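The file protein_28.tsv comes next; it holds TSV, N, CA and C atoms and all ligand atoms.
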```tsv
chain	number	residue	atom	x	y	z
A	1	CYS	N	16.13	175.96	-24.20
A	1	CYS	CA	17.57	175.73	-24.35
A	1	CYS	C	18.17	175.27	-23.03
A	2	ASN	N	18.28	173.95	-22.88
A	2	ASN	CA	18.72	173.33	-21.63
A	2	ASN	C	19.80	172.28	-21.87
A	3	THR	N	20.56	172.42	-22.95
A	3	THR	CA	21.62	171.48	-23.27
A	3	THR	C	22.92	171.90	-22.61
A	4	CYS	N	23.64	170.92	-22.08
A	4	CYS	CA	24.92	171.13	-21.43
A	4	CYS	C	25.94	170.16	-22.01
A	5	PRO	N	27.23	170.48	-21.91
A	5	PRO	CA	28.25	169.52	-22.34
A	5	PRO	C	28.19	168.26	-21.49
A	6	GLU	N	28.73	167.18	-22.05
A	6	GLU	CA	28.83	165.93	-21.31
A	6	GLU	C	29.51	166.18	-19.97
A	7	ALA	N	28.95	165.59	-18.92
A	7	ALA	CA	29.43	165.64	-17.54
A	7	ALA	C	28.96	166.89	-16.79
A	8	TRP	N	28.35	167.86	-17.45
A	8	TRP	CA	27.81	169.05	-16.80
A	8	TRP	C	26.34	168.83	-16.44
A	9	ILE	N	25.83	169.66	-15.52
A	9	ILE	CA	24.51	169.51	-14.93
A	9	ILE	C	23.69	170.77	-15.21
A	10	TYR	N	22.48	170.60	-15.73
A	10	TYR	CA	21.62	171.71	-16.10
A	10	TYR	C	20.80	172.24	-14.92
A	11	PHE	N	20.74	173.56	-14.79
A	11	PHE	CA	19.79	174.20	-13.87
A	11	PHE	C	19.50	175.61	-14.35
A	12	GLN	N	18.22	175.92	-14.56
A	12	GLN	CA	17.74	177.27	-14.85
A	12	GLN	C	18.67	178.08	-15.76
A	13	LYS	N	18.75	177.65	-17.01
A	13	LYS	CA	19.41	178.36	-18.11
A	13	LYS	C	20.92	178.22	-18.07
A	14	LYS	N	21.48	177.52	-17.09
A	14	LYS	CA	22.92	177.40	-16.95
A	14	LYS	C	23.30	175.93	-16.80
A	15	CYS	N	24.59	175.68	-16.99
A	15	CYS	CA	25.20	174.37	-16.83
A	15	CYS	C	26.31	174.50	-15.80
A	16	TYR	N	26.47	173.45	-14.99
A	16	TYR	CA	27.39	173.48	-13.85
A	16	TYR	C	28.29	172.27	-13.87
A	17	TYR	N	29.55	172.49	-13.50
A	17	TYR	CA	30.57	171.45	-13.45
A	17	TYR	C	31.07	171.36	-12.02
A	18	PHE	N	30.90	170.20	-11.40
A	18	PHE	CA	31.33	169.97	-10.02
A	18	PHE	C	32.71	169.33	-10.06
A	19	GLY	N	33.73	170.19	-10.14
A	19	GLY	CA	35.10	169.72	-10.24
A	19	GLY	C	35.61	169.18	-8.92
A	20	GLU	N	36.50	168.20	-9.02
A	20	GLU	CA	37.09	167.55	-7.87
A	20	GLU	C	38.57	167.39	-8.12
A	21	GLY	N	39.35	167.56	-7.06
A	21	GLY	CA	40.80	167.46	-7.11
A	21	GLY	C	41.43	168.74	-6.60
A	22	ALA	N	42.51	168.62	-5.83
A	22	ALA	CA	43.07	169.73	-5.09
A	22	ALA	C	43.58	170.82	-6.03
A	23	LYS	N	43.09	172.05	-5.83
A	23	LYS	CA	43.49	173.19	-6.64
A	23	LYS	C	43.44	174.46	-5.81
A	24	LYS	N	44.44	175.33	-6.01
A	24	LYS	CA	44.38	176.71	-5.54
A	24	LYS	C	43.37	177.47	-6.40
A	25	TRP	N	42.96	178.66	-5.95
A	25	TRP	CA	41.89	179.36	-6.67
A	25	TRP	C	42.26	179.62	-8.13
A	26	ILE	N	43.48	180.11	-8.40
A	26	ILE	CA	43.87	180.42	-9.77
A	26	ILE	C	43.92	179.14	-10.62
A	27	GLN	N	44.35	178.03	-10.02
A	27	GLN	CA	44.35	176.77	-10.74
A	27	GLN	C	42.93	176.34	-11.10
A	28	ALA	N	41.99	176.57	-10.19
A	28	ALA	CA	40.59	176.27	-10.46
A	28	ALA	C	40.04	177.19	-11.55
A	29	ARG	N	40.45	178.47	-11.56
A	29	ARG	CA	40.05	179.37	-12.64
A	29	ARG	C	40.39	178.74	-13.99
A	30	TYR	N	41.64	178.31	-14.14
A	30	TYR	CA	42.08	177.78	-15.42
A	30	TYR	C	41.54	176.39	-15.69
A	31	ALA	N	41.26	175.61	-14.64
A	31	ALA	CA	40.63	174.31	-14.86
A	31	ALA	C	39.24	174.48	-15.45
A	32	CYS	N	38.48	175.47	-14.97
A	32	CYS	CA	37.18	175.75	-15.56
A	32	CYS	C	37.32	176.23	-17.00
A	33	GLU	N	38.28	177.11	-17.27
A	33	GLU	CA	38.48	177.59	-18.64
A	33	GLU	C	38.89	176.47	-19.58
A	34	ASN	N	39.66	175.50	-19.09
A	34	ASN	CA	40.04	174.36	-19.93
A	34	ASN	C	38.83	173.56	-20.37
A	35	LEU	N	37.77	173.58	-19.56
A	35	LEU	CA	36.49	172.95	-19.86
A	35	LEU	C	35.52	173.92	-20.52
A	36	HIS	N	36.00	175.09	-20.92
A	36	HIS	CA	35.24	176.14	-21.63
A	36	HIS	C	34.10	176.69	-20.78
A	37	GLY	N	34.37	176.84	-19.49
A	37	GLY	CA	33.51	177.57	-18.59
A	37	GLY	C	34.32	178.52	-17.73
A	38	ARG	N	33.70	179.02	-16.66
A	38	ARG	CA	34.38	179.86	-15.68
A	38	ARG	C	33.93	179.43	-14.29
A	39	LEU	N	34.73	179.73	-13.27
A	39	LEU	CA	34.27	179.52	-11.90
A	39	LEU	C	32.91	180.18	-11.72
A	40	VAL	N	32.05	179.49	-10.95
A	40	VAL	CA	30.62	179.80	-10.91
A	40	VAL	C	30.33	181.18	-10.33
A	41	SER	N	29.32	181.82	-10.92
A	41	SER	CA	28.77	183.08	-10.43
A	41	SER	C	27.32	182.86	-9.98
A	42	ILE	N	26.94	183.48	-8.86
A	42	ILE	CA	25.70	183.11	-8.15
A	42	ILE	C	24.84	184.35	-7.97
A	43	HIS	N	23.58	184.29	-8.43
A	43	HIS	CA	22.75	185.49	-8.53
A	43	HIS	C	21.33	185.35	-8.01
A	44	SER	N	21.01	184.28	-7.29
A	44	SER	CA	19.67	184.15	-6.73
A	44	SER	C	19.69	183.09	-5.63
A	45	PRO	N	18.68	183.11	-4.76
A	45	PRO	CA	18.57	182.03	-3.76
A	45	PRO	C	18.30	180.68	-4.39
A	46	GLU	N	17.59	180.63	-5.52
A	46	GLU	CA	17.31	179.35	-6.16
A	46	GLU	C	18.59	178.73	-6.72
A	47	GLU	N	19.43	179.56	-7.34
A	47	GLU	CA	20.72	179.08	-7.83
A	47	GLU	C	21.60	178.64	-6.67
A	48	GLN	N	21.65	179.44	-5.59
A	48	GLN	CA	22.41	179.02	-4.43
A	48	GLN	C	21.90	177.69	-3.88
A	49	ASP	N	20.58	177.50	-3.82
A	49	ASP	CA	20.03	176.26	-3.28
A	49	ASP	C	20.50	175.06	-4.10
A	50	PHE	N	20.49	175.20	-5.43
A	50	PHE	CA	20.98	174.13	-6.30
A	50	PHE	C	22.40	173.75	-5.92
A	51	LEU	N	23.25	174.76	-5.70
A	51	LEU	CA	24.66	174.54	-5.37
A	51	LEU	C	24.84	174.00	-3.95
A	52	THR	N	24.15	174.59	-2.97
A	52	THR	CA	24.26	174.13	-1.58
A	52	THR	C	23.96	172.65	-1.48
A	53	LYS	N	22.90	172.21	-2.14
A	53	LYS	CA	22.50	170.82	-2.01
A	53	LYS	C	23.53	169.85	-2.58
A	54	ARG	N	24.37	170.31	-3.51
A	54	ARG	CA	25.31	169.50	-4.27
A	54	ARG	C	26.77	169.76	-3.92
A	55	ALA	N	27.02	170.64	-2.96
A	55	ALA	CA	28.36	171.14	-2.68
A	55	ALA	C	29.23	170.07	-2.01
A	56	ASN	N	30.52	170.17	-2.27
A	56	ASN	CA	31.51	169.31	-1.64
A	56	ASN	C	31.63	169.67	-0.16
A	57	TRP	N	31.50	168.66	0.72
A	57	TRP	CA	31.48	168.91	2.15
A	57	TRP	C	32.82	169.37	2.70
A	58	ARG	N	33.91	169.23	1.94
A	58	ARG	CA	35.20	169.75	2.35
A	58	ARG	C	35.47	171.17	1.84
A	59	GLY	N	34.54	171.77	1.11
A	59	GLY	CA	34.68	173.13	0.62
A	59	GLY	C	35.04	173.18	-0.85
A	60	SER	N	34.69	174.29	-1.51
A	60	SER	CA	34.90	174.39	-2.95
A	60	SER	C	35.01	175.85	-3.41
A	61	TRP	N	35.86	176.08	-4.40
A	61	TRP	CA	36.01	177.43	-4.93
A	61	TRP	C	34.82	177.85	-5.78
A	62	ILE	N	34.49	179.15	-5.69
A	62	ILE	CA	33.54	179.80	-6.58
A	62	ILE	C	34.21	181.00	-7.27
A	63	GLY	N	33.50	181.59	-8.22
A	63	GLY	CA	34.04	182.63	-9.08
A	63	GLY	C	33.88	184.04	-8.55
A	64	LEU	N	34.38	184.28	-7.33
A	64	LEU	CA	34.22	185.55	-6.63
A	64	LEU	C	35.54	185.86	-5.94
A	65	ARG	N	36.03	187.10	-6.08
A	65	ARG	CA	37.34	187.47	-5.54
A	65	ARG	C	37.39	188.98	-5.34
A	66	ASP	N	38.27	189.41	-4.42
A	66	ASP	CA	38.58	190.83	-4.23
A	66	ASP	C	40.08	191.10	-4.36
A	67	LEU	N	40.74	190.36	-5.24
A	67	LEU	CA	42.17	190.54	-5.49
A	67	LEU	C	42.53	191.95	-5.94
A	68	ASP	N	41.76	192.55	-6.84
A	68	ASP	CA	42.22	193.80	-7.47
A	68	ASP	C	42.09	195.00	-6.54
A	69	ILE	N	40.96	195.13	-5.87
A	69	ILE	CA	40.77	196.16	-4.85
A	69	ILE	C	40.18	195.45	-3.64
A	70	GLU	N	40.89	195.51	-2.52
A	70	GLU	CA	40.43	194.87	-1.30
A	70	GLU	C	39.03	195.36	-0.96
A	71	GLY	N	38.14	194.41	-0.66
A	71	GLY	CA	36.77	194.71	-0.33
A	71	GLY	C	35.84	194.91	-1.50
A	72	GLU	N	36.35	194.94	-2.73
A	72	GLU	CA	35.54	195.08	-3.94
A	72	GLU	C	35.49	193.71	-4.60
A	73	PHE	N	34.40	192.99	-4.39
A	73	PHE	CA	34.26	191.66	-4.97
A	73	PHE	C	33.76	191.75	-6.41
A	74	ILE	N	34.26	190.85	-7.24
A	74	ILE	CA	33.93	190.79	-8.67
A	74	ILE	C	33.58	189.34	-8.99
A	75	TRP	N	32.47	189.14	-9.70
A	75	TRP	CA	32.09	187.83	-10.20
A	75	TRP	C	32.80	187.52	-11.52
A	76	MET	N	33.02	186.22	-11.76
A	76	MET	CA	33.51	185.75	-13.06
A	76	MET	C	32.61	186.20	-14.21
A	77	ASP	N	31.29	186.26	-14.01
A	77	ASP	CA	30.38	186.68	-15.07
A	77	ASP	C	30.23	188.19	-15.18
A	78	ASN	N	30.93	188.95	-14.33
A	78	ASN	CA	30.93	190.41	-14.34
A	78	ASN	C	29.55	191.02	-14.05
A	79	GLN	N	28.61	190.25	-13.51
A	79	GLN	CA	27.29	190.77	-13.18
A	79	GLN	C	27.29	191.34	-11.76
A	80	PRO	N	26.20	192.03	-11.38
A	80	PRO	CA	26.21	192.75	-10.10
A	80	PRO	C	26.27	191.86	-8.87
A	81	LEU	N	26.60	192.51	-7.75
A	81	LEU	CA	26.63	191.89	-6.43
A	81	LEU	C	25.21	191.93	-5.85
A	82	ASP	N	24.35	191.09	-6.44
A	82	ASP	CA	22.91	191.19	-6.23
A	82	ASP	C	22.34	190.09	-5.33
A	83	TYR	N	23.15	189.11	-4.94
A	83	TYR	CA	22.72	188.03	-4.06
A	83	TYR	C	23.94	187.60	-3.25
A	84	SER	N	23.79	187.42	-1.94
A	84	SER	CA	24.89	186.89	-1.14
A	84	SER	C	24.45	185.74	-0.25
A	85	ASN	N	25.42	184.90	0.11
A	85	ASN	CA	25.22	183.79	1.03
A	85	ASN	C	26.39	183.68	2.00
A	86	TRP	N	26.88	184.81	2.52
A	86	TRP	CA	28.03	184.79	3.41
A	86	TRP	C	27.74	184.03	4.70
A	87	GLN	N	28.68	183.18	5.10
A	87	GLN	CA	28.70	182.70	6.47
A	87	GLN	C	28.72	183.92	7.41
A	88	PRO	N	27.98	183.91	8.51
A	88	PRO	CA	28.04	185.05	9.43
A	88	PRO	C	29.47	185.44	9.79
A	89	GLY	N	29.75	186.74	9.68
A	89	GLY	CA	31.07	187.27	9.98
A	89	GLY	C	32.01	187.33	8.80
A	90	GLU	N	31.66	186.66	7.70
A	90	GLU	CA	32.43	186.69	6.47
A	90	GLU	C	31.85	187.72	5.52
A	91	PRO	N	32.66	188.22	4.59
A	91	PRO	CA	34.12	188.02	4.52
A	91	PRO	C	34.80	188.81	5.64
A	92	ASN	N	35.93	188.28	6.13
A	92	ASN	CA	36.66	188.90	7.22
A	92	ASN	C	38.11	189.23	6.90
A	93	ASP	N	38.60	188.91	5.71
A	93	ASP	CA	39.98	189.20	5.29
A	93	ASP	C	40.98	188.77	6.37
A	94	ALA	N	40.83	187.53	6.82
A	94	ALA	CA	41.64	187.00	7.91
A	94	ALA	C	43.06	186.63	7.45
A	95	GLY	N	43.84	186.06	8.35
A	95	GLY	CA	45.26	185.90	8.06
A	95	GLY	C	45.86	187.26	7.77
A	96	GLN	N	46.78	187.32	6.82
A	96	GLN	CA	47.25	188.60	6.30
A	96	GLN	C	46.55	188.97	5.00
A	97	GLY	N	45.42	188.32	4.69
A	97	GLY	CA	44.59	188.67	3.55
A	97	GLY	C	43.94	187.45	2.92
A	98	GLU	N	42.63	187.52	2.71
A	98	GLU	CA	41.84	186.46	2.09
A	98	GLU	C	41.09	187.08	0.92
A	99	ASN	N	41.44	186.69	-0.31
A	99	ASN	CA	40.95	187.42	-1.47
A	99	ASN	C	40.21	186.56	-2.48
A	100	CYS	N	39.97	185.29	-2.16
A	100	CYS	CA	39.29	184.35	-3.05
A	100	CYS	C	38.17	183.68	-2.26
A	101	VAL	N	37.00	183.52	-2.86
A	101	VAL	CA	35.84	183.03	-2.13
A	101	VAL	C	35.57	181.56	-2.41
A	102	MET	N	35.23	180.84	-1.34
A	102	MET	CA	34.84	179.45	-1.37
A	102	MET	C	33.46	179.28	-0.74
A	103	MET	N	32.80	178.18	-1.10
A	103	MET	CA	31.69	177.65	-0.32
A	103	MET	C	32.25	176.70	0.74
A	104	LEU	N	31.80	176.87	1.98
A	104	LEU	CA	31.97	175.86	3.01
A	104	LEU	C	31.16	174.62	2.64
A	105	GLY	N	31.27	173.56	3.44
A	105	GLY	CA	30.48	172.36	3.19
A	105	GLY	C	28.98	172.59	3.24
A	106	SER	N	28.54	173.63	3.95
A	106	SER	CA	27.15	174.03	4.08
A	106	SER	C	26.66	174.89	2.93
A	107	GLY	N	27.53	175.25	1.99
A	107	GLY	CA	27.20	176.20	0.95
A	107	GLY	C	27.40	177.66	1.31
A	108	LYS	N	27.58	177.98	2.59
A	108	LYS	CA	27.81	179.36	3.00
A	108	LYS	C	29.18	179.82	2.52
A	109	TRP	N	29.29	181.10	2.16
A	109	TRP	CA	30.50	181.62	1.56
A	109	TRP	C	31.50	182.10	2.61
A	110	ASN	N	32.78	181.88	2.32
A	110	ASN	CA	33.89	182.33	3.15
A	110	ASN	C	35.00	182.84	2.24
A	111	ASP	N	35.55	184.02	2.54
A	111	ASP	CA	36.80	184.41	1.91
A	111	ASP	C	37.95	183.60	2.51
A	112	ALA	N	38.84	183.13	1.63
A	112	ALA	CA	39.93	182.26	2.03
A	112	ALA	C	41.24	182.71	1.39
A	113	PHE	N	42.33	182.18	1.93
A	113	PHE	CA	43.64	182.37	1.31
A	113	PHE	C	43.61	181.80	-0.11
A	114	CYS	N	43.98	182.62	-1.09
A	114	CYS	CA	43.91	182.21	-2.49
A	114	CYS	C	44.78	180.99	-2.79
A	115	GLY	N	45.81	180.73	-1.98
A	115	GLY	CA	46.66	179.56	-2.14
A	115	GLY	C	46.20	178.29	-1.46
A	116	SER	N	45.02	178.29	-0.84
A	116	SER	CA	44.48	177.08	-0.23
A	116	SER	C	44.18	176.06	-1.31
A	117	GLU	N	44.49	174.79	-1.04
A	117	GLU	CA	44.28	173.71	-2.01
A	117	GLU	C	42.99	172.94	-1.74
A	118	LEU	N	41.88	173.52	-2.17
A	118	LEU	CA	40.58	172.91	-1.93
A	118	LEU	C	40.34	171.74	-2.88
A	119	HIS	N	39.53	170.80	-2.41
A	119	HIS	CA	39.26	169.57	-3.14
A	119	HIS	C	38.10	169.68	-4.11
A	120	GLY	N	37.36	170.78	-4.05
A	120	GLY	CA	36.26	171.02	-4.96
A	120	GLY	C	36.33	172.40	-5.56
A	121	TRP	N	35.65	172.54	-6.69
A	121	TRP	CA	35.58	173.81	-7.40
A	121	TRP	C	34.40	173.67	-8.35
A	122	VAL	N	33.66	174.75	-8.57
A	122	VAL	CA	32.44	174.68	-9.37
A	122	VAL	C	32.56	175.67	-10.52
A	123	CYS	N	32.28	175.20	-11.74
A	123	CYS	CA	32.26	176.03	-12.93
A	123	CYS	C	30.83	176.19	-13.43
A	124	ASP	N	30.61	177.25	-14.22
A	124	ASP	CA	29.35	177.39	-14.94
A	124	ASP	C	29.59	177.82	-16.38
A	125	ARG	N	28.50	177.68	-17.14
A	125	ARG	CA	28.36	178.06	-18.53
A	125	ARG	C	26.88	178.34	-18.75
A	126	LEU	N	26.57	179.09	-19.80
A	126	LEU	CA	25.18	179.21	-20.22
A	126	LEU	C	24.77	177.93	-20.94
A	127	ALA	N	23.53	177.50	-20.72
A	127	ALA	CA	23.02	176.36	-21.45
A	127	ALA	C	22.81	176.74	-22.92
A	128	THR	N	22.98	175.76	-23.80
A	128	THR	CA	22.80	175.93	-25.23
A	128	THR	C	21.52	175.23	-25.66
A	129	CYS	N	21.22	175.30	-26.95
A	129	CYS	CA	19.93	174.82	-27.44
A	129	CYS	C	20.02	173.44	-28.08
A	201	LIG	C1	40.92	181.64	11.30
A	201	LIG	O1	40.69	181.53	9.91
A	201	LIG	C2	39.88	180.51	9.49
A	201	LIG	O2	38.56	180.54	10.19
A	201	LIG	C3	37.84	181.80	9.96
A	201	LIG	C4	36.47	181.67	10.56
A	201	LIG	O3	36.61	181.35	11.92
A	201	LIG	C5	37.72	182.12	8.47
A	201	LIG	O4	37.21	183.44	8.25
A	201	LIG	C6	39.05	182.04	7.78
A	201	LIG	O5	38.83	182.28	6.38
A	201	LIG	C7	39.69	180.72	7.99
A	201	LIG	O6	38.86	179.70	7.41
A	202	CA	CA	40.12	190.35	0.78
A	203	CA	CA	37.37	184.32	5.92
```
Would you kindly transcribe this structure into structure tokens?
Amino acid sequence: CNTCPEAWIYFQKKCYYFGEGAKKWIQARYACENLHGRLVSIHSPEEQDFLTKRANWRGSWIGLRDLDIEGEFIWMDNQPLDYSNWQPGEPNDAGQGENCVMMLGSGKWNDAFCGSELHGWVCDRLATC
């Protein structure tokens, strides 16, 4: 079962959407839902490698946030915190608070101001048959 909707990209049981266009994190959440997916959740080095190689060099939102309880990150897929790719020193909750996670151009993760208008955002879905 490796079928994905038109414009999505298949990798290891999942489908990925490389969205482009300036969006705050919440806007990217709903942009993914409009396409019947969610902001991407990442659970292995192989999945991260797929994303790193394809990531927007200006940065992109992923489906990870600590809005509800500071320091408690939650994935869009509600699965465990079982794989990380933090940029060294991140997350750092800089400014007066950074509660939404992005990939840098290198694929490394950074917590950012949720109102930042990033030019990329990545969604996922399970592949169908
Ligand atoms: C100063 O804030 C910026 O740079 C640091 C890293 O230096 C990040 O943690 C932060 O999210 C911002 O991108
Ligand atoms: Ca935070
Ligand atoms: Ca940060």
Exercise for the section: Might you pull out every residue within 7 Å of residue 76 in chain A, with only C-alpha atoms counted and same-chain residues fewer than 2 positions away left off, and present them as a ChimeraX atom specification? Expected result: /A:38-41,63-64,74,78
Exercise for the section: Rank nothing, just name the residue among A:47, A:65, A:86, A:115 nearest to residue 12 in chain A, using only N, CA and C atoms. Expected result: A:47
Problem - All residues having an atom within 5 Å of ligand CA 203 (chain A) (only N, CA and C atoms and all ligand atoms) as JSON, numbers by chain - result: {"A": [92, 93, 94, 110, 111, 112]}
Handout entry: Separation of atom N of residue 70 in chain A from CA of residue 99 in chain A, in Å and rounded to one decimal
Key =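 Result for atom N of residue 70 in chain A versus CA of residue 99 in chain A: 8.2 Å, one decimal.
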Problem - Nearest to residue 68 in chain A by atom-to-atom distance, counting only C-alpha atoms, from A:100, A:46, A:35, A:108 - result: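 Looking only at the distances to residue 68 in chain A, the closest residue turns out to be A:100.
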As lines of an AutoDock Vina configuration file, what would the box around range 30-45 of chain A look like: edges along x, y and z, 5 Å added on every side, centre and edge lengths in Å to one decimal?
```
center_x = 30.2
center_y = 179.2
center_z = -12.7
size_x = 33.8
size_y = 22.5
size_z = 27.9
```
Exercise for the section: Report the distance between atom N of residue 124 in chain A and atom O4 of ligand LIG 201 (chain A) in Å, rounded to one decimal place. Expected result: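 Here the two named atoms are 24.2 Å from each other.
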Exercise for the section: Quick one: pick out all strand (DSSP E) residues within range 10-127 of chain A from a backbone DSSP run and write them as a VMD selection string. Expected result: chain A and resid 10 to 11 14 to 23 38 to 39 60 to 65 74 to 75 100 to 103 109 to 112 118 to 126
Requested file, range 63-75 of chain A restricted to N, CA and C atoms, as a JSON list (two decimals), in the first residue's frame:
```
[["chain", "number", "residue", "atom", "x", "y", "z"],
["A", 63, "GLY", "N", 4.83, 19.24, 12.44],
["A", 63, "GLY", "CA", 3.69, 19.01, 13.31],
["A", 63, "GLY", "C", 4.05, 18.73, 14.76],
["A", 64, "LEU", "N", 4.80, 19.65, 15.37],
["A", 64, "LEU", "CA", 5.33, 19.48, 16.73],
["A", 64, "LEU", "C", 5.20, 20.83, 17.44],
["A", 65, "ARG", "N", 4.68, 20.83, 18.67],
["A", 65, "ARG", "CA", 4.42, 22.07, 19.39],
["A", 65, "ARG", "C", 4.38, 21.79, 20.88],
["A", 66, "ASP", "N", 4.65, 22.83, 21.68],
["A", 66, "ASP", "CA", 4.48, 22.78, 23.14],
["A", 66, "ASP", "C", 3.57, 23.91, 23.63],
["A", 67, "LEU", "N", 2.57, 24.26, 22.82],
["A", 67, "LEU", "CA", 1.61, 25.29, 23.19],
["A", 67, "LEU", "C", 0.87, 25.00, 24.50],
["A", 68, "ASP", "N", 0.42, 23.76, 24.71],
["A", 68, "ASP", "CA", -0.50, 23.50, 25.82],
["A", 68, "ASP", "C", 0.20, 23.49, 27.17],
["A", 69, "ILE", "N", 1.33, 22.82, 27.26],
["A", 69, "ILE", "CA", 2.17, 22.85, 28.45],
["A", 69, "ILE", "C", 3.59, 23.11, 27.97],
["A", 70, "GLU", "N", 4.17, 24.21, 28.43],
["A", 70, "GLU", "CA", 5.52, 24.57, 28.04],
["A", 70, "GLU", "C", 6.47, 23.41, 28.34],
["A", 71, "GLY", "N", 7.29, 23.07, 27.35],
["A", 71, "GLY", "CA", 8.24, 22.00, 27.47],
["A", 71, "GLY", "C", 7.70, 20.61, 27.20],
["A", 72, "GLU", "N", 6.39, 20.46, 27.02],
["A", 72, "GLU", "CA", 5.76, 19.17, 26.71],
["A", 72, "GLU", "C", 5.39, 19.21, 25.23],
["A", 73, "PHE", "N", 6.22, 18.59, 24.40],
["A", 73, "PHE", "CA", 5.96, 18.58, 22.96],
["A", 73, "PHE", "C", 4.98, 17.46, 22.61],
["A", 74, "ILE", "N", 4.13, 17.75, 21.64],
["A", 74, "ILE", "CA", 3.10, 16.83, 21.16],
["A", 74, "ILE", "C", 3.18, 16.79, 19.64],
["A", 75, "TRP", "N", 3.17, 15.58, 19.08],
["A", 75, "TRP", "CA", 3.10, 15.39, 17.64],
["A", 75, "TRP", "C", 1.66, 15.47, 17.14]]
```
